[PDB]
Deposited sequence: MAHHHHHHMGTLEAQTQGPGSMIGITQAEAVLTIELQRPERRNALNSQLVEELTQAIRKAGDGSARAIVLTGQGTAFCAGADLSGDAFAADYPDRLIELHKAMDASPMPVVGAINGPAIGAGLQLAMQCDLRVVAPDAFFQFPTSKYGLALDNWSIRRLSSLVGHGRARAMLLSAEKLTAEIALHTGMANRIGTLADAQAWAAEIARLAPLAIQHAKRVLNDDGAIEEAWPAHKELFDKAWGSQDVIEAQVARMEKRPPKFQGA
């Protein structure tokens, strides 16, 4: 579920599953999508309740789990296509699908204890190409290689230094900047936004990327990472 409020010209959308650190499921993703699609508001802020912005994807207990990839695509499609600038107030950690969500925001205001991570190398998973391209664009290639190949965490401070974070601050700060942004010329925002999103980050997986992507997600190592967690021991990966 989600909190929706508007003040003056700023619509604030709050992920409200603080129990599961705002991990995405099918329902949360459908509700966010719907909320982005409306549109009097001239700016959106996306933030999370509790200690996390969004800690990932948690499809356990989600009964419509096979729908999820599709909903996620809808959500990102709606965010990319919205004529509104979306200011992510990243109030704590953005990990996995959460970092992916944070990167789809147009601007970012980040809390000092937040961090960004793609822990795929700890779980044997693979990302879509956009996630990798937009990350490279926001932290620089070199830090992207470390985050992707070694599960390196990007802190708020380094986020600020690279431009992943436009500002360090709180939800109040994000809302104050969104109000100012709410007073600028929409067509100007809308044109820049479209051009920027069409920088080439939106890219179909090449044949080798797809083959490796499927090998990773279909791999036994994926199971071993979860079992290792459950057995309170280190994983023994096999590369299969």
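According to the record, no C-alpha positions are given for deposited positions 1 to 21, 61 to 63, numbered from 1.
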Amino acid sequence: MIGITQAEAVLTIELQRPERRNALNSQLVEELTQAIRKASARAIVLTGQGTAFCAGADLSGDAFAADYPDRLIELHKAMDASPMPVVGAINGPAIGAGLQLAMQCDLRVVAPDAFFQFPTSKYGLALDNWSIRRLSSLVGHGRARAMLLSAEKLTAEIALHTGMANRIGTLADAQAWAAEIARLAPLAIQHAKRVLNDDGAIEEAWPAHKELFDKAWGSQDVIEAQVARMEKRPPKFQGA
From here on, numbers count along this sequence of modelled residues.
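Comparing the deposited coordinates for 198 to 206 and 58 to 66, the stretch with the larger average C-alpha B-factor is 58 to 66. Higher mean CA temperature factor between 69 to 77 and 88 to 96: 69 to 77, per the PDB entry. Comparing C-alpha B-factors across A39, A178, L171, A185 in the deposited entry, the largest value falls on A39. Annotation for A192: C-alpha temperature factor in the lowest third relative to the rest of the modelled chain, per the entry.
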